[PDB]
């Protein structure tokens, strides 16, 4: 069943405890979300630069980066309308945690990087969906719009991993990262971030 459904692909749902913390501090959530959109754009560019002879990756990543930059700009606009000031919010543990599972040897270092991307995007999709019933109208609508783009990016990242890797080795990678990702989501965490664990 190539490219499963979001809840099938993921190892756990977003905890209610995370949701409660998120609702109690929507301003730091927004700030971190803004930063996540940007980071996704910059990650895409770093991939283009590392894999500069991989034409398929380059063309998908350049387009993806533009989409993520639109989202970054939209989060900024919404922050502006609602009087949310900018302030520094350092990166959470999640994406680094997953990047540590990545192997050091090409070409498998690439397929793993892309599987990690598929997980980040799948989780963002699931987590937006968990959030939107609890938000005000304009925020819920914005986040609903985003969750649909996250589902496409999840597919995009998995398709690209299959473009450069073998079914079995990917299936192995997905199993290893699934477990690591569940642990980061379910484990306790000393901070609120979009992809933090339970506080």
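Numbering follows the first chain given and starts at 1.
Of 164-172 and 139-147, the one with larger mean CA B-factor: Stretch with the higher mean C-alpha B-factor: 164-172.
Would you tell me which stretch averages the higher CA B-factor in the PDB entry, 155-163 or 41-49? Higher mean C-alpha B-factor: 155-163.
Between 91, 125, 76, 101, where does the Cα B-factor run highest in the record? Highest C-alpha B-factor among the listed residues goes to 101.
Based on the entry's values, in what third of the chain does the Cα temperature factor of residue 61 lie: lowest, middle or highest? CA B-factor rank for residue 61: middle third.
Which third, lowest, middle or highest, does the CA B-factor of residue 72 fall in along this chain? For residue 72, the deposited C-alpha B-factor lands in the lowest third.
Consider only the C-alpha atoms of the modelled residues in this chain, order them by B-factor as the entry records it, and name the third containing residue 84: lowest, middle or highest. Tercile = middle for this residue's CA B-factor.
Of the three thirds of its chain by CA temperature factor, lowest, middle or highest, which one includes residue 116? Lowest third of the chain for residue 116's C-alpha B-factor.
Considering only modelled residues of the same chain, in which third does the CA B-factor of residue 54 rank: lowest, middle or highest? Its C-alpha B-factor, which the entry lists for residue 54, ranks in the highest third among residues of this chain.
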